[PDB]
Amino acid sequence: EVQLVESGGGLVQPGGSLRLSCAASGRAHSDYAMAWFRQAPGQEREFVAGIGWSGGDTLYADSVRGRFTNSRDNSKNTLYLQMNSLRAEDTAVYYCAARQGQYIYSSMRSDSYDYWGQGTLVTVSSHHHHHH
Ligand SMILES: [Mn+2]
């Protein structure tokens, strides 16, 4: 069993950037094959980015390639997603996922992932913060 906790979701201006984090349970250097998925309201869940268990085959969905960067800190069992040039189409709950098993290559299929976090919400929408 692997538990997964995402953080970092928030409200972001169109054109803006965020960084998501996903902490995974286990001893340090557990080195899971992991991925990010997302689901927008009324749409099917979809792959975003992934990495294999041994740190190879960093892979992106066509929707986000060149805008998003996936990285893993093996010591912390943490996965990070730097998201740039965000647009309304990127609004979604973002889910961290992990596989049970030592898979070298990243799978883009949700059926490949045993464990799923609860998600963190990214809202890409124009807004104004009142001054202080
Ligand atoms: Mn803001």
# chains A, B, ... in the order shown; residues from 1 in each chain; ligands from 1
>>> residues_around(residues="range 79-84 of chain A", least_positions_apart="2", cutoff="7 Å", atoms="only C-alpha atoms", output="ChimeraX atom specification")
/A:16-23,67-73,77,86
>>> residues_near_ligand(ligand="ligand 1", cutoff="8 Å", atoms="only C-alpha atoms and all ligand atoms", output="VMD selection string")
chain A and resid 11 to 13 127 to 129
>>> residues_around(residues="range 28-34 of chain A", least_positions_apart="4", cutoff="6 Å", atoms="only C-alpha atoms", output="MDAnalysis selection string")
chainID A and resid 50:53 74:75 97:99
>>> residues_around(residues="residue 111 in chain A", least_positions_apart="3", cutoff="12 Å", atoms="only C-alpha atoms", output="number ranges by chain")
A: 35, 37, 45-47, 97-99, 107-108, 114-116
>>> write_last_selection(atoms="N, CA and C atoms", output="JSON list (two decimals), in the first residue's frame")
[["chain", "number", "residue", "atom", "x", "y", "z"],
["A", 35, "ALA", "N", 2.98, 9.14, -11.66],
["A", 35, "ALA", "CA", 2.43, 9.98, -12.71],
["A", 35, "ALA", "C", 1.52, 11.03, -12.11],
["A", 37, "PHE", "N", -2.08, 12.87, -13.32],
["A", 37, "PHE", "CA", -3.28, 12.86, -14.14],
["A", 37, "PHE", "C", -4.10, 14.08, -13.76],
["A", 45, "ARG", "N", -10.85, 11.87, -17.13],
["A", 45, "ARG", "CA", -9.51, 11.95, -16.57],
["A", 45, "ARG", "C", -8.50, 11.67, -17.67],
["A", 46, "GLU", "N", -7.36, 12.36, -17.60],
["A", 46, "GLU", "CA", -6.32, 12.21, -18.61],
["A", 46, "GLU", "C", -4.92, 12.29, -18.02],
["A", 47, "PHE", "N", -4.01, 11.57, -18.67],
["A", 47, "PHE", "CA", -2.59, 11.60, -18.32],
["A", 47, "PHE", "C", -2.03, 13.00, -18.53],
["A", 97, "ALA", "N", -0.39, 9.65, -8.89],
["A", 97, "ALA", "CA", -0.64, 8.23, -9.00],
["A", 97, "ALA", "C", 0.67, 7.47, -8.91],
["A", 98, "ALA", "N", 0.60, 6.22, -8.44],
["A", 98, "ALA", "CA", 1.78, 5.38, -8.32],
["A", 98, "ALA", "C", 1.44, 3.94, -8.64],
["A", 99, "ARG", "N", 2.45, 3.22, -9.12],
["A", 99, "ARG", "CA", 2.29, 1.82, -9.46],
["A", 99, "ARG", "C", 2.91, 0.98, -8.37],
["A", 107, "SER", "N", 3.83, 4.63, -18.03],
["A", 107, "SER", "CA", 2.57, 4.33, -18.69],
["A", 107, "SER", "C", 1.68, 5.56, -18.68],
["A", 108, "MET", "N", 1.05, 5.83, -19.82],
["A", 108, "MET", "CA", 0.07, 6.89, -19.92],
["A", 108, "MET", "C", -1.34, 6.43, -19.58],
["A", 114, "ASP", "N", -2.06, 1.66, -9.52],
["A", 114, "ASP", "CA", -2.76, 1.10, -8.38],
["A", 114, "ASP", "C", -3.27, 2.20, -7.46],
["A", 115, "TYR", "N", -2.39, 3.13, -7.09],
["A", 115, "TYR", "CA", -2.65, 4.09, -6.04],
["A", 115, "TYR", "C", -2.86, 5.48, -6.61],
["A", 116, "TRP", "N", -3.80, 6.20, -6.00],
["A", 116, "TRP", "CA", -4.23, 7.51, -6.45],
["A", 116, "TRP", "C", -4.40, 8.41, -5.23]]
>>> atom_distance(atom1="CA of residue 110 in chain A", atom2="CA of residue 43 in chain A")
14.5 Å
>>> select_by_dssp(residues="range 7-103 of chain A", states="strand (DSSP E)", output="PyMOL selection string")
chain A and resi 7+11-12+18-24+34-39+46-51+59-60+68-73+78-83+92-98
>>> select_by_dssp(residues="chain A", states="helix (DSSP H, G or I)", output="PDB file with C-alpha atoms, in the first residue's frame")
ATOM      1  CA  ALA A  88      -8.258  27.769 -18.874  1.00  0.00           C
ATOM      2  CA  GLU A  89      -8.026  24.334 -20.509  1.00  0.00           C
ATOM      3  CA  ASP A  90      -5.649  23.319 -17.679  1.00  0.00           C
ATOM      4  CA  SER A 110      -4.824   5.237 -15.822  1.00  0.00           C
ATOM      5  CA  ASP A 111      -5.421   1.465 -15.604  1.00  0.00           C
ATOM      6  CA  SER A 112      -1.703   0.966 -14.958  1.00  0.00           C
TER       7      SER A 112
END
>>> closest_residue(among="A:91, A:58, A:126, A:120", to="residue 105 in chain A", atoms="only C-alpha atoms")
A:58
>>> closest_residue(among="A:59, A:64, A:96, A:48", to="residue 2 in chain A", atoms="only C-alpha atoms")
A:96
